[PDB]
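Quick look at upload.csv (CSV, C-alpha atoms and all ligand atoms):
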chain,number,residue,atom,x,y,z
A,32,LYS,CA,83.3,106.7,77.6
A,33,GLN,CA,86.8,105.2,77.9
A,34,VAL,CA,89.0,105.8,80.9
A,35,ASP,CA,91.5,108.6,80.0
A,36,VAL,CA,94.9,108.1,81.7
A,37,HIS,CA,98.5,109.1,80.8
A,38,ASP,CA,101.6,107.2,81.8
A,39,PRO,CA,99.5,104.5,83.6
A,40,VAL,CA,100.6,102.0,86.2
A,41,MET,CA,98.7,99.3,88.1
A,42,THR,CA,98.7,97.2,91.1
A,43,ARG,CA,96.5,94.7,93.1
A,44,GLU,CA,95.6,94.5,96.8
A,45,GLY,CA,93.4,91.6,97.7
A,46,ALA,CA,90.6,91.3,95.1
A,47,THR,CA,90.8,94.9,93.7
A,48,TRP,CA,92.8,96.5,90.9
A,49,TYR,CA,94.2,100.1,91.2
A,50,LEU,CA,95.3,102.3,88.4
A,51,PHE,CA,97.6,105.3,88.8
A,52,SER,CA,97.8,108.0,86.1
A,53,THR,CA,99.5,111.2,85.5
A,54,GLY,CA,97.2,113.9,86.9
A,55,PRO,CA,96.4,116.3,89.8
A,56,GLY,CA,98.2,114.8,92.8
A,57,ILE,CA,98.2,111.5,90.9
A,58,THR,CA,94.7,110.2,89.8
A,59,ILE,CA,93.8,106.8,91.2
A,60,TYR,CA,91.0,104.5,89.9
A,61,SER,CA,89.8,101.1,91.0
A,62,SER,CA,88.3,98.1,89.3
A,63,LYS,CA,87.3,94.6,90.2
A,64,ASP,CA,87.8,93.4,86.6
A,65,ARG,CA,90.4,95.7,84.9
A,66,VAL,CA,87.7,96.9,82.5
A,67,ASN,CA,85.2,98.9,84.6
A,68,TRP,CA,86.8,101.7,86.7
A,69,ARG,CA,85.5,104.1,89.3
A,70,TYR,CA,87.4,107.2,90.5
A,71,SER,CA,89.1,106.2,93.7
A,72,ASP,CA,91.3,109.2,94.9
A,73,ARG,CA,94.1,111.6,94.2
A,74,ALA,CA,97.3,110.7,96.1
A,75,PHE,CA,97.9,114.3,97.1
A,76,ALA,CA,94.9,116.4,98.0
A,77,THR,CA,96.6,119.4,96.3
A,78,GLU,CA,100.4,119.0,95.7
A,79,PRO,CA,103.7,118.0,97.4
A,80,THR,CA,104.8,120.8,99.8
A,81,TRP,CA,108.2,120.9,97.9
A,82,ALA,CA,106.9,121.0,94.4
A,83,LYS,CA,107.0,124.7,93.6
A,84,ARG,CA,110.6,124.9,94.9
A,85,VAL,CA,111.8,122.4,92.2
A,86,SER,CA,109.4,123.7,89.5
A,87,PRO,CA,107.9,127.2,90.0
A,88,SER,CA,105.5,127.0,86.9
A,89,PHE,CA,104.0,123.7,88.4
A,90,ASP,CA,100.3,123.3,87.7
A,91,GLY,CA,99.4,120.6,90.2
A,92,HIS,CA,99.8,117.6,87.8
A,93,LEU,CA,102.3,115.0,88.9
A,94,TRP,CA,103.7,112.8,86.1
A,95,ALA,CA,104.4,109.3,85.4
A,96,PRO,CA,103.8,107.5,88.7
A,97,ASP,CA,105.1,104.1,89.7
A,98,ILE,CA,103.5,101.8,92.2
A,99,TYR,CA,105.6,99.4,94.2
A,100,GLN,CA,104.8,97.0,97.0
A,101,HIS,CA,107.4,96.2,99.7
A,102,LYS,CA,107.3,94.7,103.1
A,103,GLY,CA,103.5,95.2,103.3
A,104,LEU,CA,103.6,98.9,102.3
A,105,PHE,CA,102.5,100.9,99.2
A,106,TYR,CA,105.2,103.1,97.7
A,107,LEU,CA,104.0,105.5,95.1
A,108,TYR,CA,106.7,107.3,93.2
A,109,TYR,CA,105.8,110.4,91.2
A,110,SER,CA,107.4,113.3,89.1
A,111,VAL,CA,107.4,117.1,89.6
A,112,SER,CA,108.6,118.9,86.4
A,113,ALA,CA,107.9,121.5,83.7
A,114,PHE,CA,107.3,121.0,80.0
A,115,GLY,CA,110.5,120.7,78.1
A,116,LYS,CA,112.7,121.5,81.1
A,117,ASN,CA,114.8,119.3,83.4
A,118,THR,CA,114.0,121.2,86.5
A,119,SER,CA,112.5,118.0,87.9
A,120,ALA,CA,112.4,115.7,90.9
A,121,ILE,CA,111.0,112.3,91.6
A,122,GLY,CA,109.4,111.9,95.0
A,123,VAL,CA,107.7,109.0,96.8
A,124,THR,CA,104.8,108.7,99.1
A,125,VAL,CA,103.8,105.7,101.1
A,126,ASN,CA,100.5,104.2,102.3
A,127,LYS,CA,99.5,101.2,104.3
A,128,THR,CA,96.7,100.4,101.9
A,129,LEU,CA,94.9,101.5,98.7
A,130,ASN,CA,91.3,101.2,100.0
A,131,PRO,CA,90.3,104.9,100.7
A,132,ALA,CA,87.5,103.5,102.9
A,133,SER,CA,90.0,101.9,105.4
A,134,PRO,CA,91.0,103.8,108.6
A,135,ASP,CA,94.5,102.8,107.7
A,136,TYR,CA,94.5,104.7,104.4
A,137,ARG,CA,96.6,107.8,104.1
A,138,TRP,CA,99.5,108.8,101.9
A,139,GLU,CA,102.6,110.2,103.7
A,140,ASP,CA,105.1,112.0,101.6
A,141,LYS,CA,108.8,111.0,101.9
A,142,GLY,CA,110.2,113.8,99.8
A,143,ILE,CA,112.7,113.8,97.0
A,144,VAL,CA,114.4,110.6,95.9
A,145,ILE,CA,116.3,112.3,93.1
A,146,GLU,CA,116.3,115.8,91.4
A,147,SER,CA,117.9,116.9,88.2
A,148,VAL,CA,119.4,120.5,87.7
A,149,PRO,CA,119.8,122.3,84.4
A,150,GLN,CA,123.5,122.5,83.4
A,151,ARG,CA,124.6,120.1,86.1
A,152,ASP,CA,122.8,117.0,84.9
A,153,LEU,CA,122.4,115.5,81.5
A,154,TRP,CA,119.2,113.6,82.5
A,155,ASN,CA,115.7,114.6,83.6
A,156,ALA,CA,114.4,113.2,86.9
A,157,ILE,CA,111.0,112.1,85.7
A,158,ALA,CA,109.2,108.7,85.0
A,159,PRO,CA,110.5,106.4,87.7
A,160,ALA,CA,110.1,102.6,87.6
A,161,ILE,CA,111.1,100.2,90.4
A,162,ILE,CA,112.7,96.8,89.9
A,163,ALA,CA,114.3,94.3,92.3
A,164,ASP,CA,117.1,91.9,91.4
A,165,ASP,CA,117.8,88.3,92.4
A,166,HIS,CA,120.2,89.6,95.2
A,167,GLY,CA,117.7,91.6,97.5
A,168,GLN,CA,118.6,95.0,95.9
A,169,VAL,CA,116.0,97.4,94.6
A,170,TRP,CA,116.7,99.9,91.8
A,171,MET,CA,114.9,102.9,90.2
A,172,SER,CA,115.1,103.4,86.4
A,173,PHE,CA,114.0,106.8,85.2
A,174,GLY,CA,114.4,109.5,82.5
A,175,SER,CA,113.3,111.4,79.4
A,176,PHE,CA,115.4,113.0,76.6
A,177,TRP,CA,118.7,114.7,77.5
A,178,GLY,CA,121.2,111.8,78.0
A,179,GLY,CA,118.6,109.2,78.2
A,180,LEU,CA,117.6,106.5,80.7
A,181,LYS,CA,119.3,105.7,84.0
A,182,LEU,CA,119.2,103.0,86.7
A,183,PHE,CA,120.4,103.5,90.3
A,184,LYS,CA,120.4,101.5,93.6
A,185,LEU,CA,117.9,102.6,96.2
A,186,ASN,CA,118.7,102.6,99.9
A,187,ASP,CA,117.1,100.4,102.6
A,188,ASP,CA,114.1,102.7,102.9
A,189,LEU,CA,113.5,103.0,99.1
A,190,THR,CA,113.3,106.8,99.6
A,191,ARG,CA,116.8,107.9,98.4
A,192,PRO,CA,119.7,106.5,96.4
A,193,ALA,CA,121.9,104.0,98.2
A,194,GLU,CA,125.2,105.4,99.5
A,195,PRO,CA,127.8,105.0,98.1
A,196,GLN,CA,125.8,105.5,94.9
A,197,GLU,CA,125.7,103.0,92.1
A,198,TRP,CA,124.4,104.2,88.7
A,199,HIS,CA,124.2,102.7,85.2
A,200,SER,CA,123.1,104.1,81.9
A,201,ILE,CA,120.5,101.7,80.4
A,202,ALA,CA,119.2,103.4,77.1
A,203,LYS,CA,120.2,106.4,75.0
A,204,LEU,CA,120.0,108.2,71.7
A,205,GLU,CA,122.5,110.5,70.1
A,206,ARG,CA,123.3,113.9,71.6
A,207,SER,CA,126.5,115.9,71.5
A,208,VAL,CA,127.6,117.6,74.7
A,209,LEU,CA,128.1,120.7,72.7
A,210,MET,CA,124.4,121.3,72.7
A,211,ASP,CA,123.0,123.7,75.4
A,212,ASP,CA,122.6,121.5,78.5
A,213,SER,CA,119.2,123.1,79.3
A,214,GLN,CA,117.6,121.8,76.0
A,215,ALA,CA,115.9,118.4,75.9
A,216,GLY,CA,117.6,117.8,72.6
A,217,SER,CA,116.6,115.3,69.9
A,218,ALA,CA,117.0,112.1,71.8
A,219,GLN,CA,113.3,111.1,71.7
A,220,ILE,CA,113.3,108.4,74.4
A,221,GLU,CA,111.5,108.1,77.7
A,222,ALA,CA,109.7,106.1,80.2
A,223,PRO,CA,111.6,103.0,81.1
A,224,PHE,CA,110.0,100.0,82.6
A,225,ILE,CA,111.6,96.8,83.6
A,226,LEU,CA,109.9,93.5,83.8
A,227,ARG,CA,111.6,90.2,84.9
A,228,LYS,CA,110.7,87.2,82.8
A,229,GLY,CA,112.5,83.9,83.0
A,230,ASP,CA,116.2,84.5,83.0
A,231,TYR,CA,115.9,88.0,81.5
A,232,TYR,CA,115.1,91.5,82.5
A,233,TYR,CA,113.2,93.3,79.7
A,234,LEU,CA,113.5,97.1,79.4
A,235,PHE,CA,110.5,98.8,77.7
A,236,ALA,CA,110.8,102.3,76.5
A,237,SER,CA,109.0,104.9,74.5
A,238,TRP,CA,110.5,106.5,71.4
A,239,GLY,CA,109.3,109.6,69.4
A,240,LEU,CA,106.9,112.4,70.4
A,241,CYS,CA,104.0,112.1,72.7
A,242,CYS,CA,101.2,114.7,73.2
A,243,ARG,CA,101.3,116.1,69.6
A,244,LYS,CA,97.8,115.0,68.3
A,245,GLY,CA,98.2,114.1,64.6
A,246,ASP,CA,102.0,114.5,64.5
A,247,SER,CA,102.6,112.1,67.3
A,248,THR,CA,105.2,109.4,66.6
A,249,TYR,CA,105.2,107.8,70.1
A,250,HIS,CA,105.6,104.0,70.1
A,251,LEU,CA,107.2,101.2,72.3
A,252,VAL,CA,110.5,99.4,71.9
A,253,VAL,CA,112.1,96.7,74.0
A,254,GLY,CA,115.5,95.2,74.8
A,255,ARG,CA,116.6,92.5,77.3
A,256,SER,CA,119.5,91.8,79.7
A,257,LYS,CA,120.6,88.9,81.9
A,258,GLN,CA,121.6,91.5,84.6
A,259,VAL,CA,119.3,94.3,85.8
A,260,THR,CA,122.1,96.8,85.3
A,261,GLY,CA,122.4,95.9,81.5
A,262,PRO,CA,123.4,96.0,78.8
A,263,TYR,CA,119.9,95.7,77.3
A,264,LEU,CA,120.2,94.3,73.7
A,265,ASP,CA,117.4,94.4,71.1
A,266,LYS,CA,116.5,91.5,68.8
A,267,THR,CA,119.4,92.3,66.4
A,268,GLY,CA,121.8,92.3,69.4
A,269,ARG,CA,122.2,96.1,69.6
A,270,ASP,CA,122.6,97.8,73.0
A,271,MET,CA,119.9,100.3,73.9
A,272,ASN,CA,122.7,102.5,75.1
A,273,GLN,CA,123.6,103.1,71.5
A,274,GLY,CA,120.1,103.4,70.2
A,275,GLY,CA,119.0,99.8,70.1
A,276,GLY,CA,115.3,99.0,70.6
A,277,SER,CA,113.1,96.4,68.9
A,278,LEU,CA,109.6,97.6,67.8
A,279,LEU,CA,106.9,96.2,70.1
A,280,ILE,CA,103.7,98.1,69.1
A,281,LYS,CA,103.1,101.3,67.1
A,282,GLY,CA,100.0,103.3,66.1
A,283,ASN,CA,98.0,103.4,63.0
A,284,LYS,CA,95.0,105.6,61.7
A,285,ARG,CA,92.8,105.1,64.7
A,286,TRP,CA,95.6,105.3,67.3
A,287,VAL,CA,98.1,108.2,66.5
A,288,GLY,CA,100.9,107.7,69.0
A,289,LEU,CA,100.9,105.3,72.0
A,290,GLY,CA,103.2,104.4,74.9
A,291,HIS,CA,104.6,105.1,78.3
A,292,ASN,CA,103.8,101.6,79.2
A,293,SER,CA,104.0,99.4,82.2
A,294,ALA,CA,103.8,95.6,82.3
A,295,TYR,CA,102.8,92.9,84.9
A,296,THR,CA,102.7,89.3,85.8
A,297,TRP,CA,99.2,88.6,87.4
A,298,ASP,CA,98.1,85.0,88.0
A,299,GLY,CA,100.5,83.4,85.5
A,300,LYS,CA,99.4,85.7,82.6
A,301,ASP,CA,101.2,88.8,81.4
A,302,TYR,CA,99.8,92.2,80.5
A,303,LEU,CA,101.0,95.4,78.6
A,304,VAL,CA,99.5,98.6,80.0
A,305,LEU,CA,99.8,101.9,78.1
A,306,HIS,CA,98.0,104.9,76.8
A,307,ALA,CA,97.0,105.5,73.2
A,308,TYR,CA,95.7,108.7,71.4
A,309,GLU,CA,92.3,108.2,69.8
A,310,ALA,CA,92.1,110.0,66.4
A,311,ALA,CA,88.3,109.8,66.5
A,312,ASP,CA,88.0,111.4,70.0
A,313,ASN,CA,90.3,114.5,69.5
A,314,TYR,CA,93.5,112.5,70.1
A,315,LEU,CA,92.5,112.1,73.8
A,316,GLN,CA,94.6,109.4,75.3
A,317,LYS,CA,92.9,106.2,76.4
A,318,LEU,CA,93.9,103.4,78.7
A,319,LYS,CA,94.7,100.1,77.0
A,320,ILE,CA,95.5,96.8,78.6
A,321,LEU,CA,96.9,94.2,76.2
A,322,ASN,CA,97.8,90.5,76.5
A,323,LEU,CA,101.5,90.2,76.6
A,324,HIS,CA,102.8,87.0,74.9
A,325,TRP,CA,106.2,85.5,74.4
A,326,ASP,CA,107.6,83.9,71.3
A,327,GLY,CA,109.9,80.8,71.2
A,328,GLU,CA,112.9,83.1,71.2
A,329,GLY,CA,112.3,84.9,74.5
A,330,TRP,CA,110.7,88.1,73.0
A,331,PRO,CA,107.4,89.7,74.0
A,332,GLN,CA,104.7,90.2,71.3
A,333,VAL,CA,101.4,92.0,71.3
A,334,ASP,CA,98.3,92.1,69.1
A,335,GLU,CA,97.8,95.6,67.9
A,336,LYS,CA,94.0,94.9,67.3
A,337,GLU,CA,93.7,95.0,71.1
A,338,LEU,CA,93.9,98.7,70.8
A,339,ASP,CA,90.3,98.4,69.5
A,340,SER,CA,88.9,95.3,71.4
A,341,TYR,CA,90.0,96.6,74.8
A,342,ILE,CA,87.3,99.1,75.7
A,343,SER,CA,87.5,100.3,79.4
A,344,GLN,CA,84.5,101.9,81.2
A,345,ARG,CA,84.5,105.1,83.2
A,346,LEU,CA,81.7,104.7,85.8
B,1,LIG,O1,94.5,111.6,80.8
B,1,LIG,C1,95.0,112.1,82.1
B,1,LIG,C2,95.4,113.5,82.0
B,1,LIG,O2,96.3,113.8,80.9
B,1,LIG,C3,97.4,114.6,81.2
B,1,LIG,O3,97.4,115.7,80.3
B,1,LIG,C4,98.3,115.4,79.2
B,1,LIG,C5,99.8,116.0,79.5
B,1,LIG,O4,100.5,115.1,80.3
B,1,LIG,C6,101.2,115.7,81.4
B,1,LIG,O5,102.6,115.8,81.1
B,1,LIG,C7,103.0,114.6,80.4
B,1,LIG,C8,104.5,114.5,80.4
B,1,LIG,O6,104.9,115.2,79.3
B,1,LIG,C9,105.5,114.4,78.4
B,1,LIG,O7,106.5,115.2,77.7
B,1,LIG,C10,107.7,115.1,78.4
B,1,LIG,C11,108.4,116.3,78.0
B,1,LIG,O8,109.1,116.1,76.8
B,1,LIG,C12,110.5,116.4,76.9
B,1,LIG,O9,110.7,117.6,76.3
B,1,LIG,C13,110.5,117.6,74.9
B,1,LIG,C14,110.9,119.0,74.3
B,1,LIG,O10,109.8,119.8,74.7
B,1,LIG,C15,109.4,120.7,73.6
B,1,LIG,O11,110.0,121.9,73.8
B,1,LIG,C16,109.8,122.4,75.1
B,1,LIG,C17,109.9,123.9,75.2
B,1,LIG,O12,110.9,124.3,76.1
B,1,LIG,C18,110.2,124.7,77.3
B,1,LIG,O13,111.1,125.4,78.2
B,1,LIG,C19,109.1,125.5,76.8
B,1,LIG,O14,108.0,125.7,77.7
B,1,LIG,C20,108.6,124.5,75.7
B,1,LIG,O15,107.8,125.2,74.8
B,1,LIG,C21,109.9,120.1,72.4
B,1,LIG,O16,108.8,119.5,71.7
B,1,LIG,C22,110.9,119.0,72.8
B,1,LIG,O17,112.2,119.4,72.3
B,1,LIG,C23,110.8,116.6,78.4
B,1,LIG,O18,111.5,115.5,78.9
B,1,LIG,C24,109.5,116.6,79.1
B,1,LIG,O19,109.2,117.9,79.6
B,1,LIG,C25,106.1,113.2,79.2
B,1,LIG,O20,106.2,112.1,78.4
B,1,LIG,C26,105.0,113.0,80.2
B,1,LIG,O21,105.5,112.4,81.4
B,1,LIG,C27,100.8,117.2,81.3
B,1,LIG,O22,100.1,117.4,82.5
B,1,LIG,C28,100.0,117.3,80.1
B,1,LIG,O23,100.7,118.2,79.2
B,1,LIG,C29,96.9,115.1,82.6
B,1,LIG,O24,98.1,115.5,83.4
B,1,LIG,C30,96.1,114.0,83.2
B,1,LIG,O25,95.1,114.6,84.0
B,2,CL,CL,106.3,104.9,83.8

Starting from the file, lay out its structure as structure tokens.
Amino acid sequence: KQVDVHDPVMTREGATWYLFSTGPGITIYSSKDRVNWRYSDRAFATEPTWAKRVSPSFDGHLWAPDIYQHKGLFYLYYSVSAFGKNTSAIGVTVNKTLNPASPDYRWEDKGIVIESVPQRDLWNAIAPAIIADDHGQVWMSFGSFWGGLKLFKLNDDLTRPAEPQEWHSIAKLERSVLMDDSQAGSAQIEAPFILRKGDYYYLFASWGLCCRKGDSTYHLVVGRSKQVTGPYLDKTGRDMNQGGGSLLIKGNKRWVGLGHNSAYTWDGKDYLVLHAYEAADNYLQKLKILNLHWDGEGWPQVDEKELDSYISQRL
């Protein structure tokens, strides 16, 4: 069987790869070769102590983790939320190592980085991604529906927004403020991820509807910017803040919907990491890791056939 993950991220410590997925307390897997994966741990034994306060319907599944390494520590960001609501918060928990067999291994929760509130905020605090600029600063991008995707400066700790705060919109789709603020609306965009490559920051995002089986329209788009704070332009030069986004990979008949990607530079090669819904296996999402190439114009390209050729093993 293939490894099932949603909203995947990855990192490497020493000789081992680690995969983090949406799931109870955040599911972690490990591999020595990115193909064959054993269950490693759940970040939280049960759930964050503060979870049910932000979202009372909470079922134990954290969403859309991001893994970040900084001054020798492991920072695991994660999302508490409810379906179709922006009663949400992103928290972070920190570990000295990922090897659960080490006496140094244990996740310590740092609490809420940011929280969205219905009627107050036109954004949904889920789906964090961490990126550093050329000037020592670290930023979180996040978001889903509502008024789209945001970027803000983190403080020294990486646990809360820097003060005074510094925010930038980075991608959006149409929405009138006259809509009820508690509704997700029709801006089908989520799940930012920023990769630095050469002189550019590349913003990946997911458009369309995930989690809908045969009706899913989820696919990936991309834009690029010389500065981390934007504006991110697609290939036709259109700002993602006004709905720009160049198609990177979309589904077909075997893979109905794919996305919430991450992306990495390991050993002078680049990889695209995402989930895709298998039409043959009940539209159950599967891990896929694709080779991420770059054309002569500075734009990433992927080979959609790799949705088939990449076959991960759950051991
Ligand atoms: O493989 C590993 C396992 O899979 C996971 O199980 C799958 C699912 O993933 C987890 O959640 C995924 C997150 O959900 C996606 O959707 C984001 C949501 O969409 C946006 O809202 C859209 C809006 O919602 C719908 O209407 C909502 C109605 O209003 C509510 O109040 C009412 O309850 C709803 O009926 C409409 O379609 C649309 O208008 C929001 O921004 C957001 O809520 C995100 O992309 C993912 O991050 C979840 O656990 C499973 O459902 C397992 O977790 C893992 O083990
Ligand atoms: Cl993500």

With 9 Å as the cut-off and all atoms listed in the file counted, what is the closest atom pair between each nearby residue of chain A and ligand LIG 1 (chain B)? Distances in Å to one decimal, ordered by chain and number, as JSON lines.
{"residue": "A:34", "atom": "CA", "partner": "B:LIG1", "partner_atom": "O1", "distance": 8.0}
{"residue": "A:35", "atom": "CA", "partner": "B:LIG1", "partner_atom": "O1", "distance": 4.3}
{"residue": "A:36", "atom": "CA", "partner": "B:LIG1", "partner_atom": "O1", "distance": 3.6}
{"residue": "A:37", "atom": "CA", "partner": "B:LIG1", "partner_atom": "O1", "distance": 4.7}
{"residue": "A:38", "atom": "CA", "partner": "B:LIG1", "partner_atom": "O21", "distance": 6.5}
{"residue": "A:39", "atom": "CA", "partner": "B:LIG1", "partner_atom": "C1", "distance": 9.0}
{"residue": "A:52", "atom": "CA", "partner": "B:LIG1", "partner_atom": "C1", "distance": 6.4}
{"residue": "A:53", "atom": "CA", "partner": "B:LIG1", "partner_atom": "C30", "distance": 5.0}
{"residue": "A:54", "atom": "CA", "partner": "B:LIG1", "partner_atom": "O25", "distance": 3.6}
{"residue": "A:55", "atom": "CA", "partner": "B:LIG1", "partner_atom": "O25", "distance": 6.2}
{"residue": "A:57", "atom": "CA", "partner": "B:LIG1", "partner_atom": "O25", "distance": 8.2}
{"residue": "A:58", "atom": "CA", "partner": "B:LIG1", "partner_atom": "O25", "distance": 7.3}
{"residue": "A:90", "atom": "CA", "partner": "B:LIG1", "partner_atom": "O22", "distance": 7.9}
{"residue": "A:91", "atom": "CA", "partner": "B:LIG1", "partner_atom": "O22", "distance": 8.4}
{"residue": "A:92", "atom": "CA", "partner": "B:LIG1", "partner_atom": "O24", "distance": 5.2}
{"residue": "A:93", "atom": "CA", "partner": "B:LIG1", "partner_atom": "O24", "distance": 6.9}
{"residue": "A:94", "atom": "CA", "partner": "B:LIG1", "partner_atom": "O21", "distance": 5.0}
{"residue": "A:95", "atom": "CA", "partner": "B:LIG1", "partner_atom": "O21", "distance": 5.2}
{"residue": "A:96", "atom": "CA", "partner": "B:LIG1", "partner_atom": "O21", "distance": 9.0}
{"residue": "A:110", "atom": "CA", "partner": "B:LIG1", "partner_atom": "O21", "distance": 8.0}
{"residue": "A:112", "atom": "CA", "partner": "B:LIG1", "partner_atom": "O19", "distance": 6.9}
{"residue": "A:113", "atom": "CA", "partner": "B:LIG1", "partner_atom": "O19", "distance": 5.6}
{"residue": "A:114", "atom": "CA", "partner": "B:LIG1", "partner_atom": "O19", "distance": 3.7}
{"residue": "A:115", "atom": "CA", "partner": "B:LIG1", "partner_atom": "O19", "distance": 3.4}
{"residue": "A:116", "atom": "CA", "partner": "B:LIG1", "partner_atom": "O13", "distance": 5.1}
{"residue": "A:117", "atom": "CA", "partner": "B:LIG1", "partner_atom": "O18", "distance": 6.8}
{"residue": "A:119", "atom": "CA", "partner": "B:LIG1", "partner_atom": "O19", "distance": 8.9}
{"residue": "A:154", "atom": "CA", "partner": "B:LIG1", "partner_atom": "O18", "distance": 8.7}
{"residue": "A:155", "atom": "CA", "partner": "B:LIG1", "partner_atom": "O18", "distance": 6.4}
{"residue": "A:156", "atom": "CA", "partner": "B:LIG1", "partner_atom": "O18", "distance": 8.8}
{"residue": "A:157", "atom": "CA", "partner": "B:LIG1", "partner_atom": "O21", "distance": 7.0}
{"residue": "A:158", "atom": "CA", "partner": "B:LIG1", "partner_atom": "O21", "distance": 6.4}
{"residue": "A:174", "atom": "CA", "partner": "B:LIG1", "partner_atom": "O18", "distance": 7.6}
{"residue": "A:175", "atom": "CA", "partner": "B:LIG1", "partner_atom": "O18", "distance": 4.5}
{"residue": "A:176", "atom": "CA", "partner": "B:LIG1", "partner_atom": "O18", "distance": 5.2}
{"residue": "A:177", "atom": "CA", "partner": "B:LIG1", "partner_atom": "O18", "distance": 7.4}
{"residue": "A:213", "atom": "CA", "partner": "B:LIG1", "partner_atom": "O13", "distance": 8.5}
{"residue": "A:214", "atom": "CA", "partner": "B:LIG1", "partner_atom": "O17", "distance": 7.0}
{"residue": "A:215", "atom": "CA", "partner": "B:LIG1", "partner_atom": "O17", "distance": 5.3}
{"residue": "A:216", "atom": "CA", "partner": "B:LIG1", "partner_atom": "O17", "distance": 5.6}
{"residue": "A:217", "atom": "CA", "partner": "B:LIG1", "partner_atom": "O17", "distance": 6.5}
{"residue": "A:218", "atom": "CA", "partner": "B:LIG1", "partner_atom": "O17", "distance": 8.8}
{"residue": "A:219", "atom": "CA", "partner": "B:LIG1", "partner_atom": "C13", "distance": 7.8}
{"residue": "A:220", "atom": "CA", "partner": "B:LIG1", "partner_atom": "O18", "distance": 8.6}
{"residue": "A:221", "atom": "CA", "partner": "B:LIG1", "partner_atom": "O20", "distance": 6.7}
{"residue": "A:222", "atom": "CA", "partner": "B:LIG1", "partner_atom": "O20", "distance": 7.2}
{"residue": "A:237", "atom": "CA", "partner": "B:LIG1", "partner_atom": "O20", "distance": 8.7}
{"residue": "A:240", "atom": "CA", "partner": "B:LIG1", "partner_atom": "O16", "distance": 7.5}
{"residue": "A:241", "atom": "CA", "partner": "B:LIG1", "partner_atom": "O20", "distance": 6.1}
{"residue": "A:242", "atom": "CA", "partner": "B:LIG1", "partner_atom": "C5", "distance": 6.6}
{"residue": "A:243", "atom": "CA", "partner": "B:LIG1", "partner_atom": "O16", "distance": 8.5}
{"residue": "A:290", "atom": "CA", "partner": "B:LIG1", "partner_atom": "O20", "distance": 9.0}
{"residue": "A:291", "atom": "CA", "partner": "B:LIG1", "partner_atom": "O20", "distance": 7.2}
{"residue": "A:306", "atom": "CA", "partner": "B:LIG1", "partner_atom": "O1", "distance": 8.6}
{"residue": "A:315", "atom": "CA", "partner": "B:LIG1", "partner_atom": "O1", "distance": 7.3}
{"residue": "A:316", "atom": "CA", "partner": "B:LIG1", "partner_atom": "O1", "distance": 5.9}
{"residue": "A:317", "atom": "CA", "partner": "B:LIG1", "partner_atom": "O1", "distance": 7.1}
{"residue": "A:318", "atom": "CA", "partner": "B:LIG1", "partner_atom": "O1", "distance": 8.5}

How many Å lie between atom CA of residue A:68 and atom CA of residue A:345, rounded to one decimal?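 One can read the atom CA of residue A:68 to atom CA of residue A:345 distance as 5.4 Å.
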
Tell me which protein, DNA and RNA residues are within 12 Å of residue A:311, counting all atoms listed in the file, leaving out same-chain ones fewer than 5 positions away, and put them as a ChimeraX atom specification. /A:244-245,284-287,316-317,339

Pick from A:67, A:250, A:188, A:304, whichever lies nearest to ligand CL 2 (chain B) using only C-alpha atoms and all ligand atoms: A:304

List every protein, DNA or RNA residue that has an atom no more than 6 Å from (83.7, 102.2, 76.9) in the file's coordinate frame, counting only C-alpha atoms, and report them as a PyMOL selection string. chain A and resi 32-33+342-344

How many Å lie between atom CA of residue A:40 and atom CA of residue A:305, rounded to one decimal? 8.1 Å

Contact residues around residue A:257 with all atoms listed in the file at 8 Å, ignoring same-chain residues under 3 positions, as a PDB file with C-alpha atoms, in the coordinates of the input:
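Final output, saved to out02.pdb:
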ATOM      1  CA  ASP A 230     116.200  84.500  83.000  1.00  0.00           C
ATOM      2  CA  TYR A 231     115.900  88.000  81.500  1.00  0.00           C
ATOM      3  CA  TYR A 232     115.100  91.500  82.500  1.00  0.00           C
ATOM      4  CA  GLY A 261     122.400  95.900  81.500  1.00  0.00           C
TER       5      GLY A 261
END

Go through A:169, A:160, A:74, A:280 one by one, measure the shortest atom-to-atom distance of each to ligand CL 2 (chain B) using only C-alpha atoms and all ligand atoms, and give the residue with the smallest value.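 For ligand CL 2 (chain B), the nearest of the given residues is A:160.
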